[PDB]
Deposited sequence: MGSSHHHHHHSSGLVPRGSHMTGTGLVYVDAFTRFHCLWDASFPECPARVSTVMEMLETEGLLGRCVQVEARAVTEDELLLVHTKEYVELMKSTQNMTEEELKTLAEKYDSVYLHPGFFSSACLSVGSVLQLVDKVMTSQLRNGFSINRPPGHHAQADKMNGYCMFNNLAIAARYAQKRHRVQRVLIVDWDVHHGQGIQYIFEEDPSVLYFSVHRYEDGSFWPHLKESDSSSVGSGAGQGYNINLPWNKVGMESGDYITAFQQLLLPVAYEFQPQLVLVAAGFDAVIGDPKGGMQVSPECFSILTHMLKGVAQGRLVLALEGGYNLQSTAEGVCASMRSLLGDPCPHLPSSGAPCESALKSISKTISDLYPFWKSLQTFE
C-alpha cells in the first residue's frame, strides 16, 4: 500500500539536471513526501551476468582506471556513447535502484515504484554500450524477478520515443519476457535507424509473438494515438499474456516540448497510460527513467506518472480522444504482423 521512489545519478549536452529537476518538481508538488523513499544499491556481477557477457562486465569495470584518452577511444567504438571515469559506478547504482523496487514490489512491501535513475538502460546490449546506456537496467531487473522472485512472465513496456533495441535483442528468443515498444521510426530515418525496429520483428524461435514494435512514421503524435495504441494492441495482449510483473521503460522524450522527440503527447497522458498498466499483474508495476531532454517536460511526465502510481484521480486530457490516420495505419500493421500469435487481436 505504498509507492516507492529511489534516487541516489548527478555526477555523470543532452545533463545531470535531467534528474535533479524531476526531484525538485516531485518535492514542490507534494508527491515526494507521499512516496516511500527507498535506498539504492549497487548491482553485483552475478546480477549483471543475467544479461551481459563476462568479457563486457570486465571491460566496463576497467573503465574507471582509464585515462581521458582511453575513454574517448573506447567510446567511438560505440554508437552515441560518452564515457567518463564515474560511469561504471553510476551505472551499477542505476541497475541496483530498479532491483530495490522489484524486491519491495514482489514481496508486497509496496504496491508499485518509480526509480529516478541515470544512466538510462534500454539501449544497452549483451556485449556493448549504446545510446548512453552501459547496462540494461530493465532487462536485468526482469531476469532478476524471474530468478530471485520466481516470476514466470514479465511484461516490459517501453514508451520512450526511441526503440529500445537492447531490450529487444536480449529477449528476442524468449517467450517469458514480452517486450512492447512504441517509438518514432519514420521508416528508419529516426535514430537508431534499424530495420529490426519495424513491426515485422516479432521475435524468433520460441520468442515469436513476444516482441511487439509499434513504429510511428509521422511526427507530432498525440495522447489519443498512445491511448488508442494501448487500448487496442498492448492491453489485449497483456491480459492474454498474464504477466506477474510489469516493468516500464519510462522515457519522456515523447512529451510535448521535447527538443528531439518530435511528438506532442501531453504529460497528463502518462497518468492514463500508467493507470491502464495498473490493471495488469495485480498492479505490480515498476517504472524506471530512460530518456528525456526538456527538463520541464520530463519532470511533468514523471509527476503525471507518479500521481497514478499513488492512486490520485486521472486528470482531464486536453487533447482529442481520436487517433490520427497515420497512427491508425501503424497500429493496424502491427496488429496484422502479430495476428497469428494472440487470440485477443483476432477481432
property: Deposited residues without C-alpha coordinates, grouped into stretches that follow sequence order; result: 1-21, 30-31, 36-42, 45, 379-380
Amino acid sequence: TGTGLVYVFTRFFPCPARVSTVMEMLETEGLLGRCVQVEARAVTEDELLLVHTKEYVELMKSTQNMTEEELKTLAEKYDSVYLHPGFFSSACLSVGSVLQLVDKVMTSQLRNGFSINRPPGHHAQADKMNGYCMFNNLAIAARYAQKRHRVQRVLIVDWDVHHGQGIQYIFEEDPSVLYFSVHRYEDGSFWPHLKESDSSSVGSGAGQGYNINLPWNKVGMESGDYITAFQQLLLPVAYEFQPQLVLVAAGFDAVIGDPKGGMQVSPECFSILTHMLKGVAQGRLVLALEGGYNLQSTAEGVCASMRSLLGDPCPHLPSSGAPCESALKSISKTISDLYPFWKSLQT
From here on, numbers count along this sequence of modelled residues.
{"property": "Stretch with the higher entry mean CA B-factor, where the candidates are 29-37 and 278-286", "result": "29-37"}
{"property": "Residue stretch of maximal mean CA temperature factor, 16-24 vs 322-330", "result": "16-24"}
{"property": "Out of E76, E268, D198, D160, highest CA B-factor residue", "result": "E76"}
{"property": "Chain thirds of CA B-factor: placement of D253", "result": "lowest"}
{"property": "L71 - Cα temperature factor, lowest/middle/highest third of chain", "result": "highest"}
{"property": "Chain third (lowest, middle, highest) by recorded CA B-factor, residue given as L295", "result": "middle"}
{"property": "Where the record places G164 (Cα B-factor, split into thirds across the chain)", "result": "lowest"}
{"property": "Relative C-alpha B-factor of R150, binned into the chain's lowest, middle or highest third", "result": "highest"}
